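Enquirer: One structure, pasted below without further comment.
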Amino acid sequence: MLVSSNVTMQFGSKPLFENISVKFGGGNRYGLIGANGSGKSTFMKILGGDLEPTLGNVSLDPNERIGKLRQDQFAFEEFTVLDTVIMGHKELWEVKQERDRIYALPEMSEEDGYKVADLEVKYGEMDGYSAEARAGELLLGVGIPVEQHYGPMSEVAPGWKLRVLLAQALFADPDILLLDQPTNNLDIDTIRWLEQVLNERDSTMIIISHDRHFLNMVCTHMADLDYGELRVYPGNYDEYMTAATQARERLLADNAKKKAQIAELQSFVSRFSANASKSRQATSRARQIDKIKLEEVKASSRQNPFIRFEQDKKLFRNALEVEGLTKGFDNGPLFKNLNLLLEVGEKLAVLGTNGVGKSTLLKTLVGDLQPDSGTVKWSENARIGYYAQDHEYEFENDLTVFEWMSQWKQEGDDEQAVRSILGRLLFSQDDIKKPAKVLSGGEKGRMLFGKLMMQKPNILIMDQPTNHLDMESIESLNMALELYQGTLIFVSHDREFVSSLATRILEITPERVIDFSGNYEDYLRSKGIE
RNA sequence: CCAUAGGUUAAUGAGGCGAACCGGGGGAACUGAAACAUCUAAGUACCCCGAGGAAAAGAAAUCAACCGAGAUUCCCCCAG
RNA sequence: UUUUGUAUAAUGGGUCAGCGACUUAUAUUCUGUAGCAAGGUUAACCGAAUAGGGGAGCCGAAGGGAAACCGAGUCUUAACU
RNA sequence: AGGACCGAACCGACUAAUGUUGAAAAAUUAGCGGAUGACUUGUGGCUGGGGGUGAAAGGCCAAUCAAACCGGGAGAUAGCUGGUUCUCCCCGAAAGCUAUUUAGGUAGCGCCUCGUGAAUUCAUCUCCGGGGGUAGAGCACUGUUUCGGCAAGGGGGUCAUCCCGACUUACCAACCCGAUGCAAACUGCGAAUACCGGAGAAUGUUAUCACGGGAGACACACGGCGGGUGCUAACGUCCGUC
RNA sequence: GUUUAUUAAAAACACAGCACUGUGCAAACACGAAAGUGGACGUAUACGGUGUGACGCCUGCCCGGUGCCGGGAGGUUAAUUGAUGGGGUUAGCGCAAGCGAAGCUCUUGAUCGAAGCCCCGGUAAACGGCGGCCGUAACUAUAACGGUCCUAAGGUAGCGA
RNA sequence: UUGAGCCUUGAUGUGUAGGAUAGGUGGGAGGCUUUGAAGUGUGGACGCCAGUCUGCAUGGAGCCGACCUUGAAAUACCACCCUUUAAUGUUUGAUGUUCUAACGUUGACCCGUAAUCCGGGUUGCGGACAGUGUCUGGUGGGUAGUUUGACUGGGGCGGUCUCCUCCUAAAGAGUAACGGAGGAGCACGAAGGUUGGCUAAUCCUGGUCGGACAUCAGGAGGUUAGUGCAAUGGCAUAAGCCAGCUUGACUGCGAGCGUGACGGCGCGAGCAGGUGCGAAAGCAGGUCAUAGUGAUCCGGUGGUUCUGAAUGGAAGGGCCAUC
RNA sequence: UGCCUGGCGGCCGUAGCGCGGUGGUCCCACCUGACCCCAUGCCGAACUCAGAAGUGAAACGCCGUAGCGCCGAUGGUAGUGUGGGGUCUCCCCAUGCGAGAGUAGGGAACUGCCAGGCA
RNA sequence: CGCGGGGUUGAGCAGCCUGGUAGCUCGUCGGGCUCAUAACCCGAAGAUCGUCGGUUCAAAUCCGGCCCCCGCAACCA
RNA sequence: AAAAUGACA
Ligand SMILES: Nc1ncnc2c1ncn2[C@@H]1O[C@H](COP(=O)(O)OP(=O)(O)OP(=O)(O)O)[C@@H](O)[C@H]1O
Ligand SMILES: Nc1ncnc2c1ncn2[C@@H]1O[C@H](COP(=O)(O)OP(=O)(O)OP(=O)(O)O)[C@@H](O)[C@H]1O
Ligand SMILES: [Mg+2]
Ligand SMILES: [Mg+2]
Ligand SMILES: [Mg+2]
Ligand SMILES: [Mg+2]
Ligand SMILES: [Mg+2]
Ligand SMILES: [Mg+2]
Ligand SMILES: [Mg+2]
Ligand SMILES: [Mg+2]
Ligand SMILES: [Mg+2]
Ligand SMILES: [Mg+2]
Ligand SMILES: [Mg+2]
Ligand SMILES: [Mg+2]
Ligand SMILES: [Mg+2]
Ligand SMILES: [Mg+2]
Ligand SMILES: [Mg+2]
Ligand SMILES: [Mg+2]
Ligand SMILES: [Mg+2]
Ligand SMILES: [Mg+2]
Ligand SMILES: [Mg+2]
Ligand SMILES: [Mg+2]
Ligand SMILES: [Mg+2]
Ligand SMILES: [Mg+2]
Ligand SMILES: [Mg+2]
Ligand SMILES: [Mg+2]
Ligand SMILES: [Mg+2]
Ligand SMILES: [Mg+2]
Ligand SMILES: [Mg+2]
Ligand SMILES: [Mg+2]
Ligand SMILES: [Mg+2]
Ligand SMILES: [Mg+2]
Ligand SMILES: [Mg+2]
Ligand SMILES: [Mg+2]
Ligand SMILES: [Mg+2]
Ligand SMILES: [Mg+2]
Ligand SMILES: [Mg+2]
Ligand SMILES: [Mg+2]
Ligand SMILES: [Mg+2]
Ligand SMILES: [Mg+2]
Ligand SMILES: [Mg+2]
Ligand SMILES: [Mg+2]
Ligand SMILES: [Mg+2]
Ligand SMILES: [Mg+2]
Ligand SMILES: [Mg+2]
Ligand SMILES: [Mg+2]
Ligand SMILES: [Mg+2]
Ligand SMILES: [Mg+2]
Ligand SMILES: [Mg+2]
Ligand code: NA
Ligand code: NA
């Protein structure tokens with residue numbers, strides 16, 4: 001079973017995590033939780049050996065095939081989907097490709113023949129004969145068609161190849177699964193399939209997830225990464241959240257009721273110390289006061305960012321109008337004969353879930369995706385704040401966080417007012433010196449929220465604004481957008497964030513759009529969903 | 001019911017005292033540590049039991065070092 | 001006697017006579033003296049025995065290093081002018 | 001009838017005097033409270049030491065009680081007090097520094113003494129080579145101070161009190177200039193002494209240094225000079241040197 | 001009535017009366033290393049512990065703290081049990097390095113595990129506690145009155161230099 | 001009744017592309033059915049719901065591998081097994097009801113006995129509970145041993161206790177007071193090394209917002225500025241300010257000194273081995289210097305044939321680096 | 001050898017500032033150009049290169065001047081080692097040492113080694 | 001002046017709790033309901049966070065001085 | 001459901 005001892009990673013002048021030593025193993029599944037920027041991804045990198053710790057150890061058995069997940073790479077793109085999911089087995093992939101190379105190079109001499117016979121028997125023991133079949137029976141579960149199973153990695157879509165990268169990790173029942181945010185930008189049906197296929201396995205799995213309904217579904221232990229110490233509570237999710245609460249409140253109460261007695265042994269020392277017949281008794285109360293040592297409270301890293309979008313110039317009457325916006329890439333009718341008029345104050349939630357033009361509507365509205373036919377007439381003064389689903393291009397350039405946030409300073413504000421946004425977004429003194437490239441996913445979504453806030457738009461378009469954000473962030477931004485007085489266009493899958501704030505639903509089905517004029521609860525009752 | 005428990009008679013032995021030495025059952029504290037609790041004083045003082053002219057121990061399931069010695073007890077070194 | 005300092009009004013003693021306080025054992029070191037002198041000396045014990053025997057053993061003539069080890073050298077160091 | 005009333009025996013002990021080496025290691029004299037009751041008394045018995053008994057005071061347990069008396073461990077320990085016994089000859093201190101559960105104890109060093117071994121070793125004076133920053137002094141610097149000159153600028157009165165300031169100002173006033181002082185924590189100056197080193201005589205029973213045996217002492221006092229504190233008070237208190 | 005025999009005889013102690021609490025009998029409680037004794041040759045109208053101290057009128061509010069009583073769902077938790085992992089040794093395969101069966105060993109400690117504590121409620125003739133600031137009435141004065149903060153609750157009847 | 005282990009028996013473990021809900025080995029492929037059928041007449045359970053397993057029979061005597069699409073073949077079947085399992089057995093557990101036989105009886109009767117002790121015998125009632133022993137968690141002033149600092153203008157309170165800078169400090173060093181004043185318990189991968197260059201404060205005159213004070217251009221001034229941090233001493237050859245390259249913020253040593261009662265602390269040319277900057281002479285063993293810190297014991301981690309209690313190993317010690 | 005000039009020193013204001021004058025054959029400075037060898041947080045202003053029309057304006061060197069800076073006696077004063085004295089918070093006497101400020105005054109340097117030109 | 005607790009709109013108080021948001025209950029002011037007042041409903045007003053300085057991009061918060069108010073304390077033989 | 005008050009003459 002995997003063990004870690006005193007990992008202690010540190011880049012800067014503040015503790016990140018200290019003397020982490022924990023045994024992971026035994027078939028238990030450890031949901032690893034924390035704040036949006038504490039330690040989780042750089043800890044599953046350490047557990048897999050991607051970066052060695054500053055000073056520490058990670059111990060694994062001589063043969064224990066780590067099945068870990070991507071989302072630190074996107075561009076393998078040299079071979080077919082079948083042989084892309086195959087190479088999750090780093091052992092079998094090498095023997096397979098090496099024997100193919102040997103077959104390519106002439107001839108099978110005695111060095112070549114004896115080099116190849118044992119590799120062939122190794123392949124047989126590893127059952128590579130039925131490797132592609134078992135890979136395909138998993139690609140079908142993920143949702144990739146049989147007729148294009150054998151297509152190269154350029155045939156696949158950019159939003160469809162993360163599916164294959166997910167399928168790679170859990171290929172052939174590998175013990176110890178390092179899953180790093182697997183359910184992000186996935187649908188309800190795929191999430192249900194994944195949480196069903198992980199429920200039939202005896203393999204320790206350490207999973208990062210910022211949602212509650214998946215951790216509370218699959219996980220057994222609830223390893224935390226807050227305060228610095230990795231506190232592991234054996235609990236589902238709710239018996240962790242109801243245990244840490246009283247664990248912290250007991251500490252607070254003990255400090256209160258132990259300071260309240262120092263304040264009582266102090267009223268005697270302050271009154272009878274100078275006396276002669278009572279100084280002996282007043283200088284033993286001082287010993288009692290000094291021998292108390294109330295224990296310290298360190299604030300949790302969770303916190304709650306203060307986000308609020310305002311609007312510089314409110315605009316009246318219609319804010320948008322879309323007239324005959326038929327468009328499709330290679331399936332033709334991505335959305336057929338769209339026709340709509342968006343008023344002011346609308347909170348339009350565009351639903352519909354998977355591969356259909358759930359996005360590319362927002363891309364056409366902003367204009368970066370030219371439509372096939374139609375014209376989109378924004379309001380006269382319409383200023384659009386765009387939060388793209390894939391926002392890497394704005395951080396590939398490596399500026400300091402301060403300069404990156406200062407790019408968008410407007411006419412009438414200082415770099416005193418620039419740093420206030422970062423302060424409200426919880427970038428304190430060193431995390432404003434990091435390169436913009438090296439930041440967490442949630443710490444990056446927040447940094448885009450602080451650019452929208454800084455620009456102060458009157459039309460907000462947001463492609464999945466609930467990505468890599470913990471409960472605190474999707475509770476702050478939810479009310480930040482609720483208080484918003486303006487036009488909002490957003491898309492999300494979780495049936496809570498969209499239901500909290502929406503006055504109109506426009507969801508597209510791969511044959512025809514359907515529009516509504518009420519909130520999501522009425523939408524479901526009219527659909528026939530209980 | 002047999003039988004045991006119990007009763008009577010007879011034969012033999014013991015009982016108490018004594019200075020030290022000896023074997024065993026229990027077992028302090030002052031004191032030293034420049035305070036004190038681990039530790040020392042010390043298995044000492046003292047209490048109790050038992051025997052002897054002495055008592056205990058004693059004839060390797062011991063040491064040694066692959067060379068060997070040969071029960072126990074006491075004295076001088078090893079050795080502060 | 002104790003004190004920086006007592007005629008001190010600081011302590012002790014009424015006087016006489018007798019008793020009353022740096023000792024003994026074993027180890028170690030330095031001085032003096034005596035014997036022997038790269039040698040010196042025995043302990044227990046035997047012994048008609050303060051003689052003689054007994055040299056088990058102790059101290060000294062070689063040191064350096066934590067140690068193996070080397071040895072008028074040795075340790076340090078990869079090596080030391 | 002009565003934990004009833006007055007009052008002797010009987011039990012007790014509120015006040016005063018005497019007595020304090022007493023008649024007595026708690027009493028006598030004149031008064032005083034209870035006196036059929038939770039009373040008082042004779043004889044015998046039981047409870048024993050961290051234990052007894054206690055209408056409760058730490059009271060009583062053989063003139064002894066916040067832990068009896070006797071014997072033993074025992075000659076407990078005492079950084080504290082006292083005492084320490086015959087004679088002569090030579091040398092002869094310290095009451096300081098450092099450390100201390102340390103401050104009236106002790107350890108190392110400084111000072112004393114005995115032995116051994118060594119070089120003009122050491123001391124005084126004359127001459128030569130040195131570094132000061134004290135006394136004194138000075139006011140360029142750091143502060144402080146009083147005058148006089150020029151006065152930036154600043155407060156006050158009149159008028160459109162939008163401006164510009166159109167004015168004024170008996171009043172304040174920095175920086176510079178000339179004159180006059182003060183400073184432990186000021187110095188563009190600067191002694192006497194003292195101290196370090198070298199050379200030279202004369203003088204001094206090696207007075208110098210090293211090693212080894214034995215210590216004592218680490219409570220100081222006053223007087224002159226230089227000073228901190230105090231009141232330039234104290235036979236006050238804390239340092240330097242004699 | 002008792003008390004410091006021998007400097008204190010009192011307002012101190014005891015008391016009848018009152019209340020709380022323990023005790024179902026081989027009672028609780030005490031003296032005992034234990035046997036056994038007192039309680040008691042008694043049986044809840046009896047016995048022990050604690051406080052108050054005839055009698056008359058009465059004995060207010062607070063369960064946050066500390067005790068005591070009841071509750072057991074949940075968390076933590078000893079001995080006991082010893083699943084796993086790591087190391088030592090070595091029959092052998094290799095005369096290279098090196099691995100290394102069985103056994104014996106050193107260590108690590110999964111699982112089981114009660115009371116207590118955390119938690120929930122009660123109890124004050126259980127130990128105990130019982131508030132600040134500001135304004136306001138026909139002359140002055142004072143506030144019956146009002147605002148607010150805090151507390152577990154803010155000292156009631158009676159008495160008061 | 002309910003946990004857990006084990007054994008025996010039977011099921012369940014399609015997505016394609018297949019006749020059809022095939023688990024992997026491979027034995028065979030011609031074998032399964034008449035001690036009485038594929039279908040039928042009819043039960044229940046399971047499910048990706050398409051389909052599988054089972055009682056018996058009026059009748060019943062016949063179904064599949066050969067083909068075929070797959071990486072792979074078939075309830076023709078048996079085998080040794082794997083996952084989820086269902087049932088009966090068997091092992092210890094937990095719980096609850098009964099029982100008597102250990103154990104209790106300070107219930108009744110008889111005897112030793114002329115005995116409200118004790119013992120034995122019948123009987124009744126409790127009954128594997130209570131109680132006792134070893135180990136163990138809680139409570140435990142009921143009891144016992146003890147600790148509860150020093151300086152100090154008497155003691156107590158207040159203040160202080162180690163390190164750095166100035167004055168007292170009497171022109172070498174040192175020098176006290178509960179004397180007068182301030183600081184430290186770090187920081188910096190550049191604020192370290194080298195090479196190349198550069199020189200400040202403060203006013204005086206001319207200009208957009210622009211002002212007494214911002215940037216510009218002249219002149220006076222002279223280090224009155226600056227130094228990561230308190231003060232003192234320094235600093236122009238700059239130790240102050242920029243830039244290029246770099247890691248000497250190296251290893252073993254070290255003549256000779258300074259300062260301490262010691263433990264110790266500090267300065268150091270030069271030597272050897274390997275570097276950096278510079279063309280080169282050369283400079284670099286952290287920073288302008290002085291604060292930024294605690295012995296020993298005990299223990300942890302890494303290296304090293306030094307030792308290894310018969311011998312070969314090992315534990316354990318030692319040494320080096322470090323916590 | 002005499003004069004001028006350049007480099008390296010000695011010495012460090014009696015040596016430095018201010019005012020006036022003067023020097024271009026050589027030397028020195030300014031000077032022309034800049035693609036390139038090099039360089040500017042922009043600018044050949046600085047650093048650097050190829051040359052040489054002009055000038056001695058500025059800088060530099062030399063000479064003259066006291067308006068500053070600077071040096072500075074003699075005498076007296078203060079202080080002080082040793083020995084004495086007083087009316088002793090401070091002084092005095094014998095003896096030895098003897099400033100600081102100020103005054104008279106001095107004063108716009110002196111000098112070595114090479115290398116060029118005019119002699 | 002030795003030690004604590006404070007100074008936040010007119011009154012009484014949070015926010016200091018590890019600097020990025022100035023808030024509560026009552027009150028004042030202007031409307032509405034009412035015959036009229038009170039209550040009630042709506043809208044707004046106002047604080048140099050006692051006053052000075054310091055690192056700080058940013059102070060009420062962190063540090064120090066000064067002033068004011070409330071409690072103490074300044075011992076025994 | 002909440003609804004208090006109105007000097008004398
Ligand atoms: N190179 C880097 N330099 C500085 N900080 C870094 C660097 N790489 C990562 N970090 C920091 O490490 C942390 C990583 O946070 P982490 O990835 O666990 O966040 P998350 O959003 O919770 O994770 P996840 O993406 O897995 O859901 C962040 O605080 C990030 O700033
Ligand atoms: N850049 C592109 N180049 C080519 N085809 C594209 C591109 N972007 C999208 N597509 C095609 O258009 C389709 C629409 O994708 P779209 O972004 O609308 O999906 P989605 O519902 O937002 O996906 P998801 O939730 O997985 O991110 C894609 O599935 C793909 O086939
Ligand atoms: Mg006998
Ligand atoms: Mg002792
Ligand atoms: Mg002692
Ligand atoms: Mg015998
Ligand atoms: Mg004396
Ligand atoms: Mg005296
Ligand atoms: Mg005399
Ligand atoms: Mg006398
Ligand atoms: Mg005396
Ligand atoms: Mg006398
Ligand atoms: Mg006599
Ligand atoms: Mg005698
Ligand atoms: Mg030797
Ligand atoms: Mg009577
Ligand atoms: Mg009477
Ligand atoms: Mg009477
Ligand atoms: Mg009496
Ligand atoms: Mg009396
Ligand atoms: Mg009488
Ligand atoms: Mg008595
Ligand atoms: Mg006692
Ligand atoms: Mg003794
Ligand atoms: Mg004695
Ligand atoms: Mg003499
Ligand atoms: Mg003493
Ligand atoms: Mg002076
Ligand atoms: Mg002393
Ligand atoms: Mg002394
Ligand atoms: Mg003295
Ligand atoms: Mg004196
Ligand atoms: Mg009395
Ligand atoms: Mg009472
Ligand atoms: Mg009451
Ligand atoms: Mg009884
Ligand atoms: Mg006690
Ligand atoms: Mg003792
Ligand atoms: Mg004291
Ligand atoms: Mg000095
Ligand atoms: Mg001196
Ligand atoms: Mg001295
Ligand atoms: Mg530096
Ligand atoms: Mg340089
Ligand atoms: Mg430097
Ligand atoms: Mg420094
Ligand atoms: Mg061995
Ligand atoms: Mg052995
Ligand atoms: Mg070892
Ligand atoms: Na990440
Ligand atoms: Na998308």
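Residues in the structure tokens are numbered from 1 in each chain, the chains being A, B, ... in the order shown, and ligands are numbered from 1 in the order shown.
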Considering only C-alpha atoms (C1' of nucleotides), return as number ranges by chain whatever protein or nucleic-acid residues lie within 12 Å of residue 287 of chain F, sequence-local ones (same chain, fewer than 2 positions apart) excluded.

Expert: F: 187-188, 190-193, 228, 239, 249, 289

Enquirer: Any idea what's packed within 10 Å of residue 57 of chain C, counting only C-alpha atoms (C1' of nucleotides), ignoring anything in its chain fewer than 4 positions away? Could you give it as a PyMOL selection string?

Expert: (chain B and resi 76-78) or (chain C and resi 42-43)

Enquirer: With only C-alpha atoms as the atoms that count, which of A:283, A:265, A:527, A:376 lies nearest to residue 320 of chain A?

Expert: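 The shortest atom-to-atom distance to residue 320 of chain A comes from A:376.
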
Enquirer: Collect all residues with atoms no farther than 12 Å from ligand 26, counting only C-alpha atoms (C1' of nucleotides) and all ligand atoms, and output them as a ChimeraX atom specification.

Expert: /D:90-93

Enquirer: Between H:63, H:36, H:13, H:76, which one has atoms that come closest to chain A, using only C-alpha atoms (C1' of nucleotides)?

Expert: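 Looking only at the distances to chain A, the closest residue turns out to be H:76.
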
Enquirer: Residues up to 7 Å from ligand 50, counting only C-alpha atoms (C1' of nucleotides) and all ligand atoms: could you list those as a PDB file with C-alpha atoms, in the first residue's frame?

Expert:
```pdb
ATOM      1  CA  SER A  41      -2.918  18.933  -7.615  1.00  0.00           C
ATOM      2  CA  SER A 440      -4.600  26.747  -9.677  1.00  0.00           C
ATOM      3  CA  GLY A 441      -7.723  26.195 -11.747  1.00  0.00           C
TER       4      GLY A 441
END
```

Enquirer: Step one, run DSSP on the backbone; step two, keep only residues of segment 272-473 of chain A assigned to helix (DSSP H, G or I); then write them as an MDAnalysis selection string.

Expert: chainID A and resid 272 279:282 285:290 361:366 393:396 401:406 415:424 441:455 471:473

Enquirer: Using only C-alpha atoms (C1' of nucleotides) and all ligand atoms, which residues have at least one atom no more than 8 Å from ligand 14? Output them as JSON, numbers by chain.

Expert: {"C": [20, 21], "D": [85]}

Enquirer: Using C-alpha atoms (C1' of nucleotides), can you export the residues from the last selection as a PDB file, in the first residue's frame?

Expert:
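Writing done, so here's out_26.pdb:
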```
ATOM      1  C1'   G C  20      37.714  18.309  77.786  1.00  0.00           C
ATOM      2  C1'   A C  21      38.743  19.035  71.429  1.00  0.00           C
TER       3        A C  21
ATOM      4  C1'   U D  85      45.811  23.577  75.528  1.00  0.00           C
TER       5        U D  85
END
```

Enquirer: Please return as a PDB file with N, CA and C atoms (P, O5', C5', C4', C3', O3' and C1' of nucleotides), in the first residue's frame the residues found within 12 Å of ligand 5, counting only C-alpha atoms (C1' of nucleotides) and all ligand atoms.

Expert:
```
ATOM      1  P     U B  31      17.578  14.505  56.738  1.00  0.00           P
ATOM      2  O5'   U B  31      18.835  13.581  56.440  1.00  0.00           O
ATOM      3  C5'   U B  31      20.005  13.678  57.233  1.00  0.00           C
ATOM      4  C4'   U B  31      21.123  12.829  56.690  1.00  0.00           C
ATOM      5  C3'   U B  31      21.665  13.219  55.333  1.00  0.00           C
ATOM      6  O3'   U B  31      22.565  14.306  55.389  1.00  0.00           O
ATOM      7  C1'   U B  31      21.317  10.900  55.391  1.00  0.00           C
ATOM      8  P     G B  32      22.652  15.340  54.174  1.00  0.00           P
ATOM      9  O5'   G B  32      23.232  14.472  52.981  1.00  0.00           O
ATOM     10  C5'   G B  32      24.563  13.986  53.033  1.00  0.00           C
ATOM     11  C4'   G B  32      24.971  13.334  51.738  1.00  0.00           C
ATOM     12  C3'   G B  32      24.614  14.083  50.472  1.00  0.00           C
ATOM     13  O3'   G B  32      25.508  15.134  50.182  1.00  0.00           O
ATOM     14  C1'   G B  32      24.020  11.828  50.227  1.00  0.00           C
ATOM     15  P     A B  33      24.966  16.478  49.510  1.00  0.00           P
ATOM     16  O5'   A B  33      24.434  16.008  48.089  1.00  0.00           O
ATOM     17  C5'   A B  33      25.336  15.657  47.054  1.00  0.00           C
ATOM     18  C4'   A B  33      24.627  15.008  45.893  1.00  0.00           C
ATOM     19  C3'   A B  33      23.754  15.912  45.046  1.00  0.00           C
ATOM     20  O3'   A B  33      24.508  16.634  44.091  1.00  0.00           O
ATOM     21  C1'   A B  33      22.593  13.917  45.543  1.00  0.00           C
ATOM     22  P     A B  34      23.878  17.874  43.295  1.00  0.00           P
ATOM     23  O5'   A B  34      23.402  18.880  44.425  1.00  0.00           O
ATOM     24  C5'   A B  34      24.340  19.672  45.137  1.00  0.00           C
ATOM     25  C4'   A B  34      24.172  19.490  46.618  1.00  0.00           C
ATOM     26  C3'   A B  34      22.994  20.234  47.244  1.00  0.00           C
ATOM     27  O3'   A B  34      22.342  19.401  48.200  1.00  0.00           O
ATOM     28  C1'   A B  34      24.996  20.785  48.366  1.00  0.00           C
ATOM     29  P     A B  35      21.023  18.579  47.798  1.00  0.00           P
ATOM     30  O5'   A B  35      19.866  19.660  47.804  1.00  0.00           O
ATOM     31  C5'   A B  35      19.357  20.192  49.013  1.00  0.00           C
ATOM     32  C4'   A B  35      17.973  20.748  48.817  1.00  0.00           C
ATOM     33  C3'   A B  35      16.867  19.729  48.620  1.00  0.00           C
ATOM     34  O3'   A B  35      16.412  19.158  49.835  1.00  0.00           O
ATOM     35  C1'   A B  35      16.678  21.394  46.976  1.00  0.00           C
ATOM     36  P     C B  36      16.169  17.576  49.970  1.00  0.00           P
ATOM     37  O5'   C B  36      15.282  17.212  48.709  1.00  0.00           O
ATOM     38  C5'   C B  36      13.884  17.439  48.718  1.00  0.00           C
ATOM     39  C4'   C B  36      13.218  16.813  47.523  1.00  0.00           C
ATOM     40  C3'   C B  36      13.500  15.338  47.331  1.00  0.00           C
ATOM     41  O3'   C B  36      12.631  14.529  48.094  1.00  0.00           O
ATOM     42  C1'   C B  36      13.886  16.472  45.309  1.00  0.00           C
TER      43        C B  36
ATOM     44  P     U D  77      25.626  12.380  60.509  1.00  0.00           P
ATOM     45  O5'   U D  77      25.111  13.746  59.894  1.00  0.00           O
ATOM     46  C5'   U D  77      24.760  13.828  58.529  1.00  0.00           C
ATOM     47  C4'   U D  77      23.987  15.084  58.243  1.00  0.00           C
ATOM     48  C3'   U D  77      24.638  16.378  58.674  1.00  0.00           C
ATOM     49  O3'   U D  77      25.639  16.817  57.779  1.00  0.00           O
ATOM     50  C1'   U D  77      22.375  16.384  59.323  1.00  0.00           C
ATOM     51  P     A D  78      26.940  17.572  58.330  1.00  0.00           P
ATOM     52  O5'   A D  78      26.378  18.970  58.820  1.00  0.00           O
ATOM     53  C5'   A D  78      25.700  19.821  57.917  1.00  0.00           C
ATOM     54  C4'   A D  78      25.091  21.004  58.620  1.00  0.00           C
ATOM     55  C3'   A D  78      26.023  21.818  59.488  1.00  0.00           C
ATOM     56  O3'   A D  78      26.785  22.720  58.716  1.00  0.00           O
ATOM     57  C1'   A D  78      23.955  21.495  60.591  1.00  0.00           C
ATOM     58  P     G D  79      28.372  22.570  58.573  1.00  0.00           P
ATOM     59  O5'   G D  79      28.737  23.793  57.635  1.00  0.00           O
ATOM     60  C5'   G D  79      27.997  23.985  56.442  1.00  0.00           C
ATOM     61  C4'   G D  79      28.282  25.304  55.785  1.00  0.00           C
ATOM     62  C3'   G D  79      27.409  26.459  56.248  1.00  0.00           C
ATOM     63  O3'   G D  79      28.131  27.681  56.123  1.00  0.00           O
ATOM     64  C1'   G D  79      27.010  26.032  53.958  1.00  0.00           C
ATOM     65  P     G D 105      30.677  33.245  53.642  1.00  0.00           P
ATOM     66  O5'   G D 105      30.218  31.834  53.087  1.00  0.00           O
ATOM     67  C5'   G D 105      30.142  30.702  53.937  1.00  0.00           C
ATOM     68  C4'   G D 105      29.859  29.453  53.149  1.00  0.00           C
ATOM     69  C3'   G D 105      30.934  29.038  52.165  1.00  0.00           C
ATOM     70  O3'   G D 105      32.006  28.331  52.753  1.00  0.00           O
ATOM     71  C1'   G D 105      28.870  29.035  51.074  1.00  0.00           C
TER      72        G D 105
END
```

Enquirer: Show me, as a list in words, the residues that have an atom within 9 Å of segment 2-10 of chain E when counting only C-alpha atoms (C1' of nucleotides), minus same-chain residues fewer than 4 positions from it.

Expert: residues 14, 26, 55, 56, 57, 59 and 60 of chain D; 14 of chain E

Enquirer: I need the contact residues of chain A against chain F, so if you could list those with any atom within 9 Å, counting only C-alpha atoms (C1' of nucleotides), and return them as a list in words, that would help.

Expert: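 Per the criterion, chain A yields residues 128, 129, 130, 131, 132, 133, 137, 140, 146, 273, 274, 275, 276, 277, 279 and 280 of chain A.
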
Enquirer: Just want the 12 Å neighbourhood of segment 43-45 of chain G, counted on only C-alpha atoms (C1' of nucleotides), with same-chain residues fewer than 4 positions away dropped. Output as a PyMOL selection string.

Expert: chain G and resi 33-34+38-39+49

Enquirer: Which residues form the shell of 9 Å around ligand 21 when you count only C-alpha atoms (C1' of nucleotides) and all ligand atoms, given as JSON, numbers by chain?

Expert: {"D": [13, 29, 30, 31, 32]}
